[PDB]
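For reference, the structure discussed in these notes is given below.
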Amino acid sequence: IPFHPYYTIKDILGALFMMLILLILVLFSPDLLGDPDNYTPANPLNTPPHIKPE
Amino acid sequence: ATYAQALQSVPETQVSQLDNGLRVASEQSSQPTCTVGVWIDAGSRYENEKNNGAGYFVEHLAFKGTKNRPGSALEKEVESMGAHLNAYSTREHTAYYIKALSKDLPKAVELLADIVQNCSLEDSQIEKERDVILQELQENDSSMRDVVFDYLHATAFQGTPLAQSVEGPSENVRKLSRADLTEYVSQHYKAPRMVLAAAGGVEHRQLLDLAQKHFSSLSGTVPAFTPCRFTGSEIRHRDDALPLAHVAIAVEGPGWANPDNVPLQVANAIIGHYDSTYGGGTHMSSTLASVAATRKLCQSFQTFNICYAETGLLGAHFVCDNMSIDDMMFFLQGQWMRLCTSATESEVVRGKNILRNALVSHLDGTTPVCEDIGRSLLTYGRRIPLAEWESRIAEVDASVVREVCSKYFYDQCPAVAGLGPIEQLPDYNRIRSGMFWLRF
């Protein structure tokens with residue numbers, strides 16, 4: 001089937017859903033996937049209790 | 001003669017009416033020949049699913065034999081006096097016309113009664129004609145134009161009698177019996193839905209006398225059809241083994257009377273027609289035709305205005321190779337939208353002249369004139385004189401075309417029937433989106 005009449009609108013719907021999830025994340029719980037210790041100035045003389053990556 | 005006195009001088013077609021309702025109509029002239037025919041208001045549109053194809057069967061059986069003229073005797077009279085007997089049955093009309101010398105008009109009319117009133121419908125003849133109709137159906141499968149037009153009617157009037165083909169399904173052909181044919185001729189060849197139309201050197205008084213002497217003993221004084229529902233769809237009979245791909249796209253057109261017929265034809269005359277073996281080609285003023293000739297997109301195209309009593313199909317049918325359907329569909333939709341959005345005076349004048357030529361040149365010779373008489377009396381209820389056609393075309397202008405095409409083409413769901421290597425054919429969403437312009 002041609003891409004334009006069908007999959008452009010399908011992709012628009014997909015983008016809408018992804019924007020829903022991303023905007024929920026940013027607006028309601030921004031520091032959900034992050035780590036609170038990242039809100040501390042970097043001090044090379046002391047380490048955080050845990051060292052985990054993203 | 002300034003083409004005004006010419007139109008005014010065309011002989012008037014006298015129309016009368018018998019007590020049975022026979023609308024006897026004739027158009028006298030000076031030729032020594034004549035065409036006298038009977039136009040029935042029968043056809044596949046008046047046939048249910050079971051009875052479908054009975055009209056074609058009856059038409060086939062019409063000339064074989066009659067009760068008064070057993071078998072070839074009916075043929076014997078036709079040839080021995082040089083007459084050409086012929087019949088044609090479309091979706092909403094039937095006709096039997098016998099071209100013959102003006103002297104033999106008394107005989108021909110009598111035969112025309114015998115064919116219509118006292119048929120034979122012999123059972124062995126029915127079997128033979130059943131076989132013949134089956135082979136004729138296999139013949140009709142060959143050419144793509146008729147197949148595509150039947151597909152268009154099926155997909156545009158789905159669920160309605162108009163979708164039915166004229167010949168009917170092959171199933172009905174085998175299962176149609178003599179009782180069905182007798183009932184069909186009894187309830188569809190009734191006197192009120194009859195037009196005895198004659199052209200050439202026949203005087204109306206003589207025609208009336210002959211009709212009153214031979215057609216008097218006909219029906220006295222019901223399946224009066226139902227308004228069919230246009231349903232924009234698409235049928236794709238993808239068959240890549242075929243050489244060329246036939247496409248036909250049509251929108252719901254006007255009715256038979258529906259004065260908008262006069263503008264639309266003019267609009268269609270703007271698009272015109274073209275094929276490979278034409279003349280000027282890349283210089284023809286039809287933009288679509290010029291593009292087709294320049295880029296060799298198609299081997300043919302035409303604009304049709306098939307119009308029935310309450311509805312009709314208005315659109316274009318084109319035959320092109322397997323890898324030019326998209327481009328020509330685009331250009332066709334572009335021409336349509338250009339006409340709806342901006343018609344321009346000069347193209348309208350060209351269309352008016354072209355339509356004048358259509359109506360005038362088509363009405364020459366006894367056979368087309370008689371056919372026009374029958375069809376007009378059946379559909380319009382009168383015979384629209386050529387002067388009236390001239391006035392109606394003269395009233396058309398650029399604004400009228402721009403409005404009438406807009407009412408029928410712009411943002412309307414079309415019906416598409418493609419057959420052959422039609423992979424290139426755009427998806428129905430693209431075709432529908434072609435009907436409207438984001439620049440307008």
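Here's how to read the names in the structure tokens: chain A, B, ... by the order shown, residue numbers from 1 in each chain, ligand numbers from 1 in the order shown.
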
**Request:** Could you give me, as a ChimeraX atom specification, the residues within 12 Å of residue 351 of chain B, counting only C-alpha atoms and dropping anything in the same chain fewer than 5 positions from it?
**Result:** /B:262-272,285-286,339,343-346,356-358,393-394,396-398,401

Quick check: residues of chain A within 10 Å of chain B, only C-alpha atoms, returned as a PDB file with N, CA, C and O atoms, in the first residue's frame.
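Saved file selection.pdb follows:
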```
ATOM      1  N   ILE A   1       0.850  -1.186   0.000  1.00  0.00           N
ATOM      2  CA  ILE A   1       0.000   0.000   0.000  1.00  0.00           C
ATOM      3  C   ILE A   1       0.887   1.237   0.000  1.00  0.00           C
ATOM      4  O   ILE A   1       2.021   1.183   0.497  1.00  0.00           O
ATOM      5  N   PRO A   2       0.435   2.359  -0.555  1.00  0.00           N
ATOM      6  CA  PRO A   2       1.249   3.574  -0.513  1.00  0.00           C
ATOM      7  C   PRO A   2       1.444   4.042   0.917  1.00  0.00           C
ATOM      8  O   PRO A   2       0.573   3.877   1.772  1.00  0.00           O
ATOM      9  N   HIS A   4       1.948   7.234   2.110  1.00  0.00           N
ATOM     10  CA  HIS A   4       1.440   8.525   2.571  1.00  0.00           C
ATOM     11  C   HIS A   4       0.049   8.463   3.180  1.00  0.00           C
ATOM     12  O   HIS A   4      -0.110   8.900   4.332  1.00  0.00           O
ATOM     13  N   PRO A   5      -0.991   7.977   2.497  1.00  0.00           N
ATOM     14  CA  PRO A   5      -2.340   8.113   3.061  1.00  0.00           C
ATOM     15  C   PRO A   5      -2.558   7.301   4.317  1.00  0.00           C
ATOM     16  O   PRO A   5      -3.483   7.616   5.074  1.00  0.00           O
ATOM     17  N   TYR A   6      -1.737   6.288   4.576  1.00  0.00           N
ATOM     18  CA  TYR A   6      -1.976   5.361   5.672  1.00  0.00           C
ATOM     19  C   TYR A   6      -0.932   5.460   6.769  1.00  0.00           C
ATOM     20  O   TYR A   6      -1.267   5.719   7.934  1.00  0.00           O
TER      21      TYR A   6
END
```

**Request:** Might you pull out every residue within 6 Å of segment 111-126 of chain B, with only C-alpha atoms counted and same-chain residues fewer than 6 positions away left off, and present them as a list in words?
**Result:**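 After dropping sequence-adjacent residues, the list is residues 62, 65, 66 and 67 of chain B.
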
**Prompt:** Which is closest to residue 199 of chain B among B:308, B:97, B:331, B:301, if we use only C-alpha atoms?
**Reply:**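 Closest to residue 199 of chain B, using only C-alpha atoms: B:97.
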
**Prompt:** Expressed in Å to a single decimal, how great is the separation between atom CA of residue 45 of chain B and atom CA of residue 359 of chain B?
**Reply:**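 Computed distance, atom CA of residue 45 of chain B to atom CA of residue 359 of chain B, equals 26.5 Å.
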
**Asked** Could you pull out all residues of chain A with a DSSP call of alpha helix (DSSP H) and give them as a VMD selection string?
**Response** chain A and resid 3 to 28

Using the selection just defined, write its residues with N, CA and C atoms as a PDB file, in the first residue's frame.
```
ATOM      1  N   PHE A   3       2.607   4.632   1.171  1.00  0.00           N
ATOM      2  CA  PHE A   3       2.941   5.038   2.530  1.00  0.00           C
ATOM      3  C   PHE A   3       2.116   6.237   2.978  1.00  0.00           C
ATOM      4  N   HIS A   4       1.948   7.234   2.110  1.00  0.00           N
ATOM      5  CA  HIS A   4       1.440   8.525   2.571  1.00  0.00           C
ATOM      6  C   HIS A   4       0.049   8.463   3.180  1.00  0.00           C
ATOM      7  N   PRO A   5      -0.991   7.977   2.497  1.00  0.00           N
ATOM      8  CA  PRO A   5      -2.340   8.113   3.061  1.00  0.00           C
ATOM      9  C   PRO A   5      -2.558   7.301   4.317  1.00  0.00           C
ATOM     10  N   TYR A   6      -1.737   6.288   4.576  1.00  0.00           N
ATOM     11  CA  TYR A   6      -1.976   5.361   5.672  1.00  0.00           C
ATOM     12  C   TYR A   6      -0.932   5.460   6.769  1.00  0.00           C
ATOM     13  N   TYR A   7       0.331   5.261   6.436  1.00  0.00           N
ATOM     14  CA  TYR A   7       1.333   5.186   7.478  1.00  0.00           C
ATOM     15  C   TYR A   7       1.769   6.550   7.980  1.00  0.00           C
ATOM     16  N   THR A   8       1.537   7.625   7.231  1.00  0.00           N
ATOM     17  CA  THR A   8       1.772   8.940   7.812  1.00  0.00           C
ATOM     18  C   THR A   8       0.834   9.184   8.985  1.00  0.00           C
ATOM     19  N   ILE A   9      -0.453   8.871   8.823  1.00  0.00           N
ATOM     20  CA  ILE A   9      -1.374   9.083   9.935  1.00  0.00           C
ATOM     21  C   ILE A   9      -1.144   8.053  11.035  1.00  0.00           C
ATOM     22  N   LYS A  10      -0.761   6.823  10.679  1.00  0.00           N
ATOM     23  CA  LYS A  10      -0.403   5.856  11.713  1.00  0.00           C
ATOM     24  C   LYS A  10       0.772   6.356  12.546  1.00  0.00           C
ATOM     25  N   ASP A  11       1.786   6.911  11.886  1.00  0.00           N
ATOM     26  CA  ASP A  11       2.942   7.456  12.582  1.00  0.00           C
ATOM     27  C   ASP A  11       2.582   8.700  13.376  1.00  0.00           C
ATOM     28  N   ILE A  12       1.629   9.491  12.887  1.00  0.00           N
ATOM     29  CA  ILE A  12       1.166  10.639  13.659  1.00  0.00           C
ATOM     30  C   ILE A  12       0.531  10.169  14.958  1.00  0.00           C
ATOM     31  N   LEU A  13      -0.279   9.113  14.888  1.00  0.00           N
ATOM     32  CA  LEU A  13      -0.855   8.552  16.106  1.00  0.00           C
ATOM     33  C   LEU A  13       0.225   8.013  17.035  1.00  0.00           C
ATOM     34  N   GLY A  14       1.221   7.326  16.477  1.00  0.00           N
ATOM     35  CA  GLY A  14       2.315   6.843  17.303  1.00  0.00           C
ATOM     36  C   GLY A  14       3.058   7.973  17.988  1.00  0.00           C
ATOM     37  N   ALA A  15       3.312   9.053  17.254  1.00  0.00           N
ATOM     38  CA  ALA A  15       3.978  10.208  17.834  1.00  0.00           C
ATOM     39  C   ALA A  15       3.123  10.840  18.917  1.00  0.00           C
ATOM     40  N   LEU A  16       1.805  10.868  18.722  1.00  0.00           N
ATOM     41  CA  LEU A  16       0.925  11.397  19.756  1.00  0.00           C
ATOM     42  C   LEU A  16       1.016  10.568  21.027  1.00  0.00           C
ATOM     43  N   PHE A  17       1.016   9.242  20.892  1.00  0.00           N
ATOM     44  CA  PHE A  17       1.118   8.397  22.079  1.00  0.00           C
ATOM     45  C   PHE A  17       2.456   8.586  22.783  1.00  0.00           C
ATOM     46  N   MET A  18       3.544   8.637  22.016  1.00  0.00           N
ATOM     47  CA  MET A  18       4.850   8.831  22.629  1.00  0.00           C
ATOM     48  C   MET A  18       4.947  10.192  23.296  1.00  0.00           C
ATOM     49  N   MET A  19       4.375  11.227  22.682  1.00  0.00           N
ATOM     50  CA  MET A  19       4.322  12.532  23.327  1.00  0.00           C
ATOM     51  C   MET A  19       3.490  12.486  24.596  1.00  0.00           C
ATOM     52  N   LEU A  20       2.403  11.718  24.598  1.00  0.00           N
ATOM     53  CA  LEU A  20       1.637  11.551  25.826  1.00  0.00           C
ATOM     54  C   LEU A  20       2.514  11.001  26.938  1.00  0.00           C
ATOM     55  N   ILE A  21       3.231   9.913  26.658  1.00  0.00           N
ATOM     56  CA  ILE A  21       4.066   9.309  27.693  1.00  0.00           C
ATOM     57  C   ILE A  21       5.158  10.274  28.137  1.00  0.00           C
ATOM     58  N   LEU A  22       5.843  10.895  27.179  1.00  0.00           N
ATOM     59  CA  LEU A  22       6.952  11.780  27.512  1.00  0.00           C
ATOM     60  C   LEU A  22       6.479  12.994  28.297  1.00  0.00           C
ATOM     61  N   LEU A  23       5.345  13.572  27.910  1.00  0.00           N
ATOM     62  CA  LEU A  23       4.840  14.741  28.606  1.00  0.00           C
ATOM     63  C   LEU A  23       4.320  14.384  29.985  1.00  0.00           C
ATOM     64  N   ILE A  24       3.704  13.211  30.139  1.00  0.00           N
ATOM     65  CA  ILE A  24       3.367  12.744  31.477  1.00  0.00           C
ATOM     66  C   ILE A  24       4.618  12.696  32.331  1.00  0.00           C
ATOM     67  N   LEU A  25       5.678  12.095  31.795  1.00  0.00           N
ATOM     68  CA  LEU A  25       6.921  11.964  32.541  1.00  0.00           C
ATOM     69  C   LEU A  25       7.471  13.324  32.946  1.00  0.00           C
ATOM     70  N   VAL A  26       7.545  14.255  31.998  1.00  0.00           N
ATOM     71  CA  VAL A  26       8.186  15.536  32.276  1.00  0.00           C
ATOM     72  C   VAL A  26       7.336  16.376  33.219  1.00  0.00           C
ATOM     73  N   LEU A  27       6.024  16.422  32.985  1.00  0.00           N
ATOM     74  CA  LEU A  27       5.172  17.352  33.711  1.00  0.00           C
ATOM     75  C   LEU A  27       4.799  16.851  35.096  1.00  0.00           C
ATOM     76  N   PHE A  28       4.620  15.546  35.275  1.00  0.00           N
ATOM     77  CA  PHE A  28       4.090  15.036  36.531  1.00  0.00           C
ATOM     78  C   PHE A  28       5.161  14.474  37.449  1.00  0.00           C
TER      79      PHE A  28
END
```

**Asked** What is the atom CA of residue 361 of chain B-atom CA of residue 377 of chain B distance in Å, reported with one decimal?
**Response**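 Straight-line distance from atom CA of residue 361 of chain B to atom CA of residue 377 of chain B works out to 19.9 Å.
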
**Test item: residues at most 8 Å from residue 273 of chain B, only C-alpha atoms, excluding those fewer than 3 positions along its chain, as a PyMOL selection string** = chain B and resi 289+300-303

Keeping N, CA, C and O atoms, export the residues of the selection given above as an mmCIF file, in the first residue's frame.
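Printed below is again-v8.cif as written:
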```cif
data_model
loop_
_atom_site.group_PDB
_atom_site.id
_atom_site.type_symbol
_atom_site.label_atom_id
_atom_site.label_comp_id
_atom_site.auth_asym_id
_atom_site.auth_seq_id
_atom_site.Cartn_x
_atom_site.Cartn_y
_atom_site.Cartn_z
ATOM 1 N N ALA B 289 -5.318 15.468 -23.346
ATOM 2 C CA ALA B 289 -4.947 14.796 -24.584
ATOM 3 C C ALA B 289 -3.568 15.232 -25.056
ATOM 4 O O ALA B 289 -2.783 14.411 -25.541
ATOM 5 N N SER B 300 -5.436 5.099 -25.125
ATOM 6 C CA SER B 300 -6.771 5.649 -25.339
ATOM 7 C C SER B 300 -7.341 6.310 -24.094
ATOM 8 O O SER B 300 -6.948 5.972 -22.977
ATOM 9 N N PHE B 301 -8.277 7.236 -24.273
ATOM 10 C CA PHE B 301 -9.122 7.665 -23.169
ATOM 11 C C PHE B 301 -10.328 8.391 -23.741
ATOM 12 O O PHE B 301 -10.284 8.908 -24.858
ATOM 13 N N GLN B 302 -11.401 8.416 -22.960
ATOM 14 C CA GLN B 302 -12.622 9.097 -23.354
ATOM 15 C C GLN B 302 -13.368 9.514 -22.100
ATOM 16 O O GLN B 302 -13.103 9.006 -21.008
ATOM 17 N N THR B 303 -14.289 10.456 -22.260
ATOM 18 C CA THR B 303 -15.125 10.930 -21.165
ATOM 19 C C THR B 303 -16.555 10.498 -21.445
ATOM 20 O O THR B 303 -17.123 10.850 -22.483
#
```

**Item:** Close residues, residue 381 of chain B itself excluded, 12 Å, only C-alpha atoms, min 2 positions apart in chain, as a ChimeraX atom specification
**Value:** /B:15,23,25,193-195,256-257,309,373-379,383-384

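Between atom CA of residue 166 of chain B and atom CA of residue 51 of chain B there is a distance of 11.2 Å.
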
**Long-range neighbours of residue 325 of chain B as a ChimeraX atom specification, 10 Å cut-off, only C-alpha atoms, 3 positions minimum in chain** = /B:245-247,297-298,318-322,328-330,418,421-426

**Message:** Could you pull out the strand (DSSP E) residues of segment 38-103 of chain B, going by DSSP on the backbone, and write them as a PyMOL selection string?
**Reply:** chain B and resi 38-40+84-89+94-101
